[PDB]
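Should a chain be cited, it is by its letter among A, B, C, D, E, F, G, H, I, J, K, L, M, N and O, assigned in written order, with residues numbered from 1 in that chain.
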Amino acid sequence: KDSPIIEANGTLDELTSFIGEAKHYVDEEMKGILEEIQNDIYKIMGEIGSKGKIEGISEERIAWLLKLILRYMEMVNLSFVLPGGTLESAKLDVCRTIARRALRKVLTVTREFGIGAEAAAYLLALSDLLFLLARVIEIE
Amino acid sequence: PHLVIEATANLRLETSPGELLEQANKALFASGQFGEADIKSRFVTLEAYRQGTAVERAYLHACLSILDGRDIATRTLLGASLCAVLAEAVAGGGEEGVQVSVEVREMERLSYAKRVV
Amino acid sequence: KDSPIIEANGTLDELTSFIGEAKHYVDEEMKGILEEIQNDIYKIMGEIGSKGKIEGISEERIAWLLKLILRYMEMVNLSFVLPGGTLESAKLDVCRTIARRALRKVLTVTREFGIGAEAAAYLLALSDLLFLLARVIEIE
Amino acid sequence: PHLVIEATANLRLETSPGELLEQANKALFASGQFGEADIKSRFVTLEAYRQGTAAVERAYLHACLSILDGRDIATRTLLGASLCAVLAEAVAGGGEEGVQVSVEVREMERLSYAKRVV
Amino acid sequence: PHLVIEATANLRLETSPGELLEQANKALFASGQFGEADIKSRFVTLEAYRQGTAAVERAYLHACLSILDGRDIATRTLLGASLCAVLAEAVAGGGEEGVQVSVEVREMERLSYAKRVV
Amino acid sequence: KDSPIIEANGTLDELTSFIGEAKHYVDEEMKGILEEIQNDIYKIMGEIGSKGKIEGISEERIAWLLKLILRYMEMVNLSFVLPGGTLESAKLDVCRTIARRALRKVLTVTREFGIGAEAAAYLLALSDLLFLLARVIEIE
Amino acid sequence: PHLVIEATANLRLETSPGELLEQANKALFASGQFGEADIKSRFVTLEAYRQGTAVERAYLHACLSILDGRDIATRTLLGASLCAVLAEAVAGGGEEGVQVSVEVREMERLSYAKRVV
Amino acid sequence: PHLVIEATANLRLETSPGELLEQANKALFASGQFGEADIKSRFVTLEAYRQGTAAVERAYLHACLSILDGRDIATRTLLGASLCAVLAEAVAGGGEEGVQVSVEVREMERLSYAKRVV
Amino acid sequence: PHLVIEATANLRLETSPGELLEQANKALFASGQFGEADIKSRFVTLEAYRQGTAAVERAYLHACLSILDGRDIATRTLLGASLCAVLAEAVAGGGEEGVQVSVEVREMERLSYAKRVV
Amino acid sequence: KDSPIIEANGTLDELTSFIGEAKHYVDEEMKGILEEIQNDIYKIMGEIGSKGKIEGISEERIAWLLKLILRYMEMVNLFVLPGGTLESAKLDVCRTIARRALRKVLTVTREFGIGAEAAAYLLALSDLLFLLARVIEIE
Amino acid sequence: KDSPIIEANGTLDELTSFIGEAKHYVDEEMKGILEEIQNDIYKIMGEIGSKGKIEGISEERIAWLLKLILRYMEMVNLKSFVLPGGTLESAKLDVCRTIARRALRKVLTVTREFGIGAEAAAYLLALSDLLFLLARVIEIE
Amino acid sequence: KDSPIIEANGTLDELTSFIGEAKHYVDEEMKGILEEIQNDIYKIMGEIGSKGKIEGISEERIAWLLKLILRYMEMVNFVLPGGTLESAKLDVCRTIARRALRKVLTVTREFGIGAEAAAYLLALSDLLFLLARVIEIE
Amino acid sequence: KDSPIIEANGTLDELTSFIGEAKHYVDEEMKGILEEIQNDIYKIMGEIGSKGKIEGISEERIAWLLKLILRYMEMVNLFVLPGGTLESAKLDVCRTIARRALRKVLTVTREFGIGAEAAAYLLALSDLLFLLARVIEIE
Amino acid sequence: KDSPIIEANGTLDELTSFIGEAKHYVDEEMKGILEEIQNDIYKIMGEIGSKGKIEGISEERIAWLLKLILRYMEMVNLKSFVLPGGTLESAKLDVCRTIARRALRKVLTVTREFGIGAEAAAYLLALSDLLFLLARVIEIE
Amino acid sequence: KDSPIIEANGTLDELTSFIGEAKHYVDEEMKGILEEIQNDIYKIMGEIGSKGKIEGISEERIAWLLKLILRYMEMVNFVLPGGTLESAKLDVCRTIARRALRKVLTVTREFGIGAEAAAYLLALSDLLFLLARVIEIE
C-alpha cells in the first residue's frame, strides 16, 4: 500500500474506465480489441497492487499489441494533425493521453520497486496503438 | 474486527440488543473492509454509571477495534457508519439528549493471534 | 495556498465537472442524486481551500450517502465485470475513478494539515455509490 | 472522556459504586480538560478473576480513562495521578494482602471519533 | 499486565473460567516478562452477541492482553501466541461451526500509568 | 527529459485531447476558437519539451485570449451555478479543470527551470475563457 | 493595487489620459484578482526625459504594484494584459517606434497599512 | 529613508502639504530608526487619476516609505501603522465616499545603495 | 532600465536637467549592461518637500535605477556608484547645508515584465 | 499547540502578570494605561493561540500607543541605569519582558504569517514602557 | 550536562526564587504551603539534574497539591476573565504561576527527549493551577 | 543581528533591570556594588551586540568580583531562597544572571566572543548568591 | 538480497550449524528436539530470504516450543556461570547465537514487516536452549 | 583504523581461529588443506588491514581452491537438503563455512567502500563452497 | 536499552558462553582463571545493560589481569591458531573477546560508559592469547 503503488493502480483504473467509455464509439472489431485491452489492464493492476506477488501480463500480450500496431501502421498515412478529427477518434486520443499518464505512474513504481517492466512496455505499446486507431477512424 | 457497544441501563432503544447488533454487523460488512464471519459484536448494559457531575442521563458508546493498516478515510467512515446506526436505535433515556459515540481503534497486526478450534 | 491544498481543490473541481457531464446521461432520480453530490463537493472545497476555517459537509451527508448505498446494494448482484457495460454506466465509472483520485489528494491534505477527515470519508463513500449506480444502470 | 472502573468482587470499598463514580467525575472535571457533560463513567464488578499464580486471596481495582488525543504528557500523567488517588482513597480493603490500584490513561484517535446526540 | 477474556454465552469450555484464568496466568508468568503478583486477569461471559450476518449459530473467544510499553515485537508476538494456544486448548466447542479464538496484545503508555497499593 | 518537463507535456497533451473532443459539441464559431487553442497548445508543448530552446506562443496569443474574454464577459451574467448546465457546457467545464491542471504542471516547470511564464499566463487566461464559453452555452 | 503610468511629453495617445486610465482599470478588474474600488491608477506626463544616448524618442511605462502572495502566471498575465491596453492607446511619438512596458511588482503584505477615512 | 506621498487632486486635507510632510517626518523620526537629517519626504498631487471602474467621484491618498533593509517585521509594520495614522488624520475628505489611505513600507537593498554629500 | 531622478525645487544644478539626463545615460550605457535604446531616464523637480524635522533649509537629489533582475552584486553596486558620482558632480548646491545625493538600484522581476514596441 | 505558539502565549501571559504587579506602583493615570495594555495583551493572546482564527488588536490600539508615546516624549529628557526609583524599576522590568514577548511573537510571525500587528504593538509597548519609567524618575 | 537538562534546572531554580519572594507577601498558611512547594521543587531539580538517577517527588506530593486545589476551588467563584494582579499580593502569585508554566515547558522538553520527569511535569502543571487559585483567593479575601 | 546575539542582549538587559529593582532593597554598600555591576553589564552588551567589534569588560572587572567574593565568603557559613524579602530579590537576580550566562555561552560557542563576559556573569551569579546569604545572616 | 535479509539468513545459518554440533553432545531425546529445531530454523530462512513470499513456520511450532518449555521449567531449579558441564556449555553457546539471530531477524521485521513469528520462535528457542542446558547440569 | 577494516579483520581472525579448531577433527589430507587456508587468510588480513598497501593472495590461491572444489564435487552426491552436522567432524566444518560467509560479508563491505579486496572476497566465496563440500565428504565417508 | 547496549550485552554473553566451553579443556589453574573472568564479565554486563547505573568491575580486576599477563609473558617466546585442540579453544575465545570489545567501544563512544570494561576486555584478549600459547608450549 505504498504511495506509488496506490497511485499507479488508481491511474490504471482510470484508464480502463476511459477505454470502457470509448468502446461504445467504435465498431465491432475495435470494440473487441478494446475489451482485450481492458482485460490486460486488470492483469497489470493485479501485479502492481500485489507488488509483484501476482503474475501480470504475458509476453504474448505485448506481442499481440505489436502485431496490431503493424497491421494499423500499414493503413495509416500522416502531416501533422490536431486531436479529435471526428468524435470517435477524439475518444481514443483521450484514452491515449491517459495511457501515457498510467505509464508515468507505472514507471515510478518500476524505478522504486523493480516491478512492472513488462507492464510499462505494454502501456507504452498501448499508447501507440491507441494513436493509430484514432487516426484510422479519421481516415475511414 | 470487534465491536463493543455499551449502553446505560436507563437507555431505551427502539429495538432489542439483538437487532441492534445485527444492524451494526450489516453496516460494517457493507464497508467492504471485513469478511462476513469475522465481525464479532457484543452488547453490554451498564448498571452503575454516572455522567458528568450534575440530572438523569443516558449514553451509548461503541468501540470498534480493527486490525491496523487502514487509512483515515476508512476509519472515519466506519465510525460515521456505526454512529448513524446506533443513533437511530435510540428511543431516548434520562431527561436530556442521548450522547452516542463511536471510537475506531487499530489493533497491532503483527502481534495479533488468531486460531480456530 | 499550500501546494496540496491547491491540488486537492483542483481535483475536486475536476470531479465535480465530470459529474456535471454524467448527470446528462442518467434519469431524473439519479440526476437529483448527482446534483446533491455536486453541492456537497462545493462544501468540501470550501473547507479545504480555507484550511478548515470554513465548515464543510455535515455528518448528515455522509449518512445520506450510506443510506443510498444500502438502497442500491440491495438491488445489485455481481461476478467480475469490465467498466462501461453501457454508455451511461461508463460515465459513472469514469466519475468513480476520479472520486478516488480526489480522495487521494484529500488524504494528502489530511495527513499534512489535519483537516478533511469527513471529506475523505464522504469521497470514499461516494466512490462506492458511484460504483453501485453504474452497475444498476447496466442491470436495468 | 470515558472512564471504566473494574473492581474485583471481593474488593471492599469505603463507599458505593455510585459515590465512587461521582468522586471520579469531580476529579476529572476539576482538571479543566473536560466539559461537565462529557465525562462518562461506569463501574464494573468482576466475578471471575485471578491475580498471579499464588494461592493467596487477592483483590484489585483498575481504571481506564480514555480521552481524545492531542494532550501533552503532563496532562495525561496528572489525570492518571488524580484518579488513582481517588480510587485508592476509596478502597477499604479485600483479600489477604494489599489491594493494587491502577489507572491507565489512553488516547483515542481524534479524527475518526464519531459523536452525535439523539 | 491485564488480561481480559471474553467468551460468548454459548461457548463450551473444557475447564471452568477459574481454571482457564489460572492457566493463562501461568502462561504469562512463564514468559519471564512479568512479576507474579502483577498479572491480573478476568473472565467475561457475553450474553448479547452476534457474529457476522449469516444465520448460523456461532461462538467466539477473545482475549486482550494489555502490557506496559517498551517491549519488542518478538516479545509481544510470543505473548500473543502463548495465550492463544491456552485459550484454544480450553475450547470444547460451541455453536454450529468452529470457534474463533483470538488474542490482542496492546501496549499501555508507561509514563502516564499510575499504580498505588492500598 | 526531467520529470516535471515530461509531466507538463503529458498534461498539455491531455488538455489538447479533451479540447479535441469538446469541439464536436460546439458551433462553428466556438469550434474555430477551440482549434486555435489546440494549435497554441502545441506551441507551448514545443517550448516546454525543449526547455526553452524552441520559441513558444507570442504575446499576440495572450492578447487574443484576452480580447475574447472581454467579448464574452460582456455577454455573461451570473449567482452561483453548478458545472454542466447543458451537455455541451459540461464538456467545456471539464476542459477548464484540465487547463488548470496543466497550469499547475507548467508552473512547477517555471519554478524549477525559469521557463514557460507566458505559457502559464496563457493557460491561466484559457481557463478563464473556457469558463465563460461554458456559461454562454448555458445562457444561449 | 496601484497603477502608475508614465508617458513622455511627446507621446501622442489615441485617447485622453482619462480614457486610458479607465481602460486600464477595466483590464485589471477583469483579471478577477482585485476588488473594483481598490484599483487605483494615475497618469503622469514627463517633461524632462531622455532615451538612450543617441533621435527623438517617446516611451510609455507602467508599473503595477499589487500585494504579494500571487503566482507567476497571475503576475505575468496582469503584465501582458496592461501592456496590450497601453500599446493600443499609442498613436505614436518621436521618429522611432514607441517602447511600451509594464512592471508588475509585489508589495509586502504584512507591513501594508490601509485605513479609510 | 524616503517618503513619497501621493494625493489625488480632489482630496481635501486638513493641513497644507507642508504641514503634512512635517508631521510625517516627526512620526518617522520618533520611531528611533532614523537619523533626523536622513528623513526625506515629498508630496505629490495627482491630476489624472481613476479609482475603480464605477462612476463615483473618488479620492485617495497613498504613501510609500522606502527604508534600507535589515529591519524586522515589527519595525516595518509599526512604521506603516504610524504613518498611516498621520495620513488618515490629515484627511478632511474628498469625492463622494470615504477616502482610502494607505502606506507601503518597502526595503531598499543596502549593499548597492549609494550615498554622497555635496 | 529606468532611471528616475528626483530633485528638490531649491536644488541648484551646474547644468540643466537635459544635460544631466544625457550624462546619466552615458554613464549607464558605458557599464556594458544595457542596450543604448533601452535606457530610459526622467527628471522630476519636487515642489513640496521636507527633510528631517530641523528648520534649516535643505535640498536633496535622489535617483532610482530599476534594472531587470539577474545581475550580481558587483554590477548593481557599480551601477549605483557610477550614477551617484554623475549626480554628485552636477550639484552646484542649494539650501543652507550640504546636499545629499543618493542612488537606489533595484531589480525588476524579469519573468513578469512585459514589453512591446508600437 | 505548535511549539512557538505555546511559547509565545506563555511569554505574553508572563508579560501581563508583570504589568499586573507594576500597576500597583504607579498613579491613577498610569494605572489606567496599564490596565488597557493588559486588556490588549489578552486580545493578542487570543489571536496567537488560535493561529489567526480569532481577530486580535485593531489599528486603533497601535495608534493609541503611538499617541501616548508622543505625549510622553514631549516631556522626557531623552544614558541612565535602569531603576532610578523603585517604581520606575518595575516598569523597566516590564519593558524587558515586553521585548522578550516580541521575540517570541516574531518567531510565530516568521513561521506562520500571523501576528504582525501584535508584534508592532509589542514593539510600541516596549517604547512606551521605557518612557513611562523615565517619567517617574523625572517626576 | 545536556542543554535541556541545564535549561530546565535553570528555570526551576528561577521558579523557586520567585516563590521565595512571593512568600513574604502572604499569610502564615499560604507561606507554609509555598515553603512545601519550594522543597518539592528541589526534589524535582535533583531528578532532572541527575537525569533520572536521583529519585524525585513521590506520588504523595501530587496528591497533596490536588487536595489543596479542591480546597481552594470550593472557595473561588469567577464568572469571567480577570486581569492579573488584582492586589499586590495576588500579583506576586500570578507572576509565580507564569513562571511555573515556563518551568513546565522546559521540563516537558526534557521528558520528551530523555523519558524522565513525567511526575515532575504533572506536579508543575498542578502547581500552576494551585498558584492561580491562591491568587484569586487573595483578591477575594 | 543573528538570533543568539539578540537573545543574549535581551537577557542581559532583563538582568540589568532586575538588578535595578534589587538595588532599592539593599544598603548603601551593596547598592554601590550593584550599580557597578549594572555598568559592567552595559559594557558587556556593547561587546555582544557588536559581535566583538566593541571592547567589553576589562580583566579588572573579573578581578574585582573575585575580590568581593572572597570578602563575602569569609562571612558566610542548605536553605530555601528568600529567607528575607531583601535576600529574595538577590536570589531572583542570581537566577537571571545564570539565564544570561546560558545565552552568552550560546553566543560564545557560535561566534567565539564573550568568554570574559561569560566568566564575569558566572562570577556574578556567585557574588549574588553570597550577598543574599549575607543579608539573611545580618 | 537487501543487506538485512542477507545478514539475517547468514546468522540463522550459523545458528543451525552450531545446533548441528551441539546435537552430538546430547542424548536421544534432546537430539530429536534439536533436529526438529534445525528443520524449523530452515523454514524460517525460506521466509526471510524470500521476503515473505514463502510461508515460514506455523503457530504449531511456536506452540510446540512452549510446551517443551513448560515441561522443562517444571524440572529446573530456576544464578550460575555458563558451561557447568561440557555438554551444557554447547547449549549455552547455541543460546547466545539464537539471540544474535533474533536481533538480526528483528531488524528485518522492523524494516520490512515480516518475520514476526520467526522472531517469536527464536525468542522461545533461546529460552528452551537455556533450560535444556540447565537440565543437563542438573542431571 | 576505519570501522569496516577493523571489523573485517576481526572476522577473518575469528574465521582462522575456528579453522584452527576444526583441523584437529580431520585427517591428514584435510588438515593440510586447512592449514594452507589459514595461511591464505593471513595474507588476506594483511591486505585488508593495510588498506591495499600490502599485497594479498595471488590468483594461484583462488585457482587452487577451485581445483579442490572440482576434486570434491566429483565425490559428493546430494539429492536434497541435509541438516548441518551429520557427524561431529562434519559439524565443525559447517560452523567454519558459516563463519567464512560472515567474513565475506565484512570483506564485501570493505570492497564496496574502499575498492580493495575483490580477490579476497572471491577467495572467501570459494572457501565457503569448499568447506561445504569437505563437510559432506566426511559424512559420506 | 538502545541498540548498542543490547548488541554489546549480547556479545558479552556470547563471550562468556565460549569461555564456559573452553574451561573444560584446561587444567585446574587455568580453569580457576577462566571462572574469575566469567564472573567479571557478568559484572561488566550489569554496567553496560544499566547504562552506567550499576557499578561494573573495579580497578583491581584490570590490575589482576595485568599481573597474570606479566606472569605468562615471561614464559612465552608467528604461528597459526590452534596448535593443539585446547589452545584452539582459547584462540576462539580471544577472537570473541575482541568482538565484544568492538561492541563495548561503540557503547562507550555513544554513551560515555564502559571505558574500564573496554580496557578489561582488551587486556583479556591479550591474556587469552598468552594462555593459548602456553598450552601449545607445555
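Here, a residue touches a chain if its C-beta (ideal position, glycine included) is under 8 Å from a C-beta of that chain, and two chains touch if they have at least 3 such contacts.
Chains and their UniProt names: A, C, F, J, K, L, M, N, O = Cobalamin adenosyltransferase-like domain-containing protein; B, D, E, G, H, I = 5-carboxymethyl-2-hydroxymuconate isomerase.
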Chains in simultaneous contact with chain I and chain M: none
Separation of chain I from chain J, taking each centre as the mean of its C-alpha atoms, in whole Å: 42
Between chain K and chain A, distance of the C-alpha-averaged centres to the nearest whole Å: 69
Chain H and chain O: spacing of chain centres that average the CA atoms, whole Å: 82
Gap in Å, rounded to a whole number, between the CA centres of chain G and chain A: 50
Of all residues in chain D, the ones touching two or more other chains: 73, 77, 81, 84-85, 111-112, 114, 116
Residues of chain F engaged with two or more neighbouring chains: 59, 110, 117
Pairs of chains, among all present, that meet the touch criterion: A-C, A-F, B-C, B-D, B-E, B-M, C-D, C-F, D-E, D-K, E-K, E-M, F-G, F-I, G-H, G-I, G-J, H-I, H-J, J-K, J-L, K-L, M-N, M-O, N-O
Of chain J, residues touching chain H in the complex: 59, 62-63, 66, 69-70, 73, 102, 105-106, 109-110, 116-117, 119-120, 122-124, 127
Chain H residues within the chain G interface of the complex: 6, 8, 46, 48-54, 58, 60, 62, 73, 76-77, 79-81, 83-85, 87-88, 91, 93, 98-106
Of chain K, residues touching chain E in the complex: 59, 111, 115, 118
Complex interface listing, chain L residues touching chain J: 6-7, 10, 13-14, 16-21, 23-24, 35, 38-39, 42
Chain J to chain L touching residues, read off their complex: 81-83, 85-86, 89-90, 92-93, 95-97, 99-100, 103
